[PDB]
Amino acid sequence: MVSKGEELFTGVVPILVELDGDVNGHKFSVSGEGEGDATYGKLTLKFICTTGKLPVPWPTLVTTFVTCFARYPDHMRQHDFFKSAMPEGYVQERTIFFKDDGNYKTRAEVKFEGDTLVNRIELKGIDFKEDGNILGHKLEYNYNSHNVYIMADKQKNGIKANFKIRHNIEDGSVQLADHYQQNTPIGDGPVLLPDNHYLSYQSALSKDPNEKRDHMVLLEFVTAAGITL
């Protein structure tokens, strides 16, 4: 049968993203709009910095900017925590440690507001170097593919993950961003606690040639894979 959560994602769903950020005291806000199509694990979003110039590189915000849109293969459906929490939603919390630099702490509430899937985020960054790779804008405007290992977090009735993102720098090295993540349901209703599995991500960053505001266009695909060999 199709679950309550699953039924909400059978077609194309509008997405709204709102982020309020503060990195080393530099305040900024971002709004995003687009659509998700979970049947294909597909996200298409455009983000605009509504406060002027973004004080950090756009790529550093990609992981922060709706895992309920992942494609879970039929045989994997029992491991989809994210849709199972809907429509009431879930909270995603992360700490993102940029190696040899500062860290972000994020809290996101992901839930439906009517027919729109909303990702409401607060981000605080501390201990950044004003001339490091982040505040110095030394990251390439691109993005690598990554696999994320999802684990149940029984004590929190949710899931957790840790994974390392590699942001390419033009000197050929990378800026590592070490992510630690915990997700908790917003409702007190039932959720699916998964066995360990992977989410595979591909992300493409682009610009709208007609857009004068500081912005990012993101195309992202997310697909689950299991551990039955």
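Numbers follow the displayed sequence, beginning with 1.
In the deposited sequence, the stretch from residue 65 to residue 66 hides 1 to 3 residues that have no coordinates. Relative to its counterpart among 35 to 43 and 156 to 164, 156 to 164 has the higher mean temperature factor, C-alpha atoms as listed in the PDB entry. Between 128 to 136 and 115 to 123, it is 128 to 136 that carries the larger average Cα temperature factor according to the deposited entry.
Of the candidates 48, 54, 199, 193, the deposited coordinates give 193 the top C-alpha B factor. Annotation for 75, 107, 146, 71: 75 ranks highest, by Cα B-factor. Sort the chain's modelled residues by C-alpha temperature factor and residue 20 lands in the middle third, per the entry. In the PDB entry, residue 189 places in the highest third of its chain by CA B-factor. When the modelled residues of the chain are ordered by C-alpha B-factor, residue 212 sits in the highest third.
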